[PDB]
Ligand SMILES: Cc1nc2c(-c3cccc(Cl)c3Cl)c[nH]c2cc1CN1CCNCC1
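Okay, so here's just one chain, in structure tokens, the form deposited without this ligand.
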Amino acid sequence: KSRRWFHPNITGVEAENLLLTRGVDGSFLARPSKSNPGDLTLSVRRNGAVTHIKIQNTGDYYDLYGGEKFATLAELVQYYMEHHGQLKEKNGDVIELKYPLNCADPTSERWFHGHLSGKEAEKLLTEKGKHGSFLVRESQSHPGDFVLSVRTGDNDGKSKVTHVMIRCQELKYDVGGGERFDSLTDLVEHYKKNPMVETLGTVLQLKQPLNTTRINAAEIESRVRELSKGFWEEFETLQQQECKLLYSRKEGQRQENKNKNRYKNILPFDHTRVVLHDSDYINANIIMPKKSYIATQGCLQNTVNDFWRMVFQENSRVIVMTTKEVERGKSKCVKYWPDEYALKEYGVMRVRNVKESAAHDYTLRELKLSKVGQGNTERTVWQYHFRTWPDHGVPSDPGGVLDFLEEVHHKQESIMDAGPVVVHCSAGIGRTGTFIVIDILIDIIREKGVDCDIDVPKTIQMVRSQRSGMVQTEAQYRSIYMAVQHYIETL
């Protein structure tokens, strides 16, 4: 599901049009809604009419109206393309997702810039680019045409930049002869597989798009200023890449494991799932960026014992909890720790709550975890329970967030051979992914100094390849920039 079925700037009327005139029954597209930001609409054609299904994400997962909850839009679409009869209209009424109505718009492509000059394209390609780096810009010469600028090189023996005219005639694109493509993306994909060769020998390889998101950490404030009056655009360009991350989640799908998941369709990747060698399943993934994380869901009553098996096995010594046990009347996490001073056995695992320390935003619980029957397997696990995450959106004071983050960091660093830092919320991808990504970026700055490069979208995509949908919303996306900005500007 190459997110081509996602149309980043399109009306409801435009969508109906497109489906009726360019589609058939079973055609579908996804669009960001303008009843409200953060909400998507899945527009589907059936019986010659178009229906619109709402999809909300308030930060925890994608909530399909009248359907199930999903980690990403790609994972939602993949599910319903392989599960006909499941997507229902007004009770029972099977809506079918058959044929993705693709988008011709290049706007959210990593290689598309437009509004860009030949000499400026050269600057950027010489500044940040390498061999095979490319981009497509609008032609300032003949207005409506496009230009493909490519760095050919080799250290990577710098060398050269080439510009290839792309002509646009009767709403099709070509490079001067040969095939005429319906979209810039089709042109680029075609010459990605069939590299244009120069009359003289040079092969114009399109390897990777020009990086436009990596900044110097010291300059993040200027970047944030630039984005504050286009955060949305950089987010959508990251979203479009999630189609690359549809890895298998077989184990979480097994019958014996179904009810060990808080949300049926929000599962851990097989290739990074935490495997319990002590039945072998828990809805949790190792996140490897030296400090690593386990990103996991809040306990269900029947996974409390497996959670402590995991903490013990993985030698985790710090837990970060980013949710109340219940919010808005719903249960986000069952209490998996004893009351202060109490001792409990959770299966073969025994834990005592040694002491609780209350701060304003969080409560720290000093827990001692051992295997029942085996003294001297005991270790302290420090549960940092963050209590003040708001019901809507994200924290609005970077001070307390960064105080909490710094404390959690320094606890982990003081413990010899501590294992992954366990982080969880409700589904374990939204608030969890946001914390982890911030902590990773701030770890980069804290080690390499304020002069280092950081790349926020790239770091997120790297983490999302290890667990589905890490970082859920645009609000959380912006919050990552704000947190790193504050950290930088308090140094």
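Throughout, we count residues from 1 along the sequence that is shown.
Omitted here: the form deposited with this ligand bound. The next part is about that form.
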Taking this ligand as it sits in the deposited complex and superposing it onto this form, judged by whether 3 or more of its atoms come within 2.4 Å of backbone or C-beta atoms, we find the site open
Exactly one of 213, 194, 292, 162 comes within 4.5 Å of this ligand in the deposited complex through a heavy atom, and that residue is 213
Answer key, this ligand contact in the deposited complex at 4.5 Å (heavy atoms) among 131, 273, 110, 352: the residue is 110
Note: this ligand not shown here; in the deposited complex, the stretch from 409 to 417, 89 to 97, 334 to 342, 234 to 242 having heavy atoms within 4.5 Å of it is 234 to 242
### Task
Using the partner position in the deposited complex, report whether residue 67 sits within 4.5 Å of this ligand, counting heavy atoms only.
no
_Touches this ligand in the deposited complex: residue 27 (any heavy atom, 4.5 Å)_ = no
Can you check whether residue 54 is within 4.5 Å of this ligand in the deposited complex, heavy atom basis? no
- Do residue 461 and this ligand share at least one heavy atom pair within 4.5 Å in the deposited complex? yes
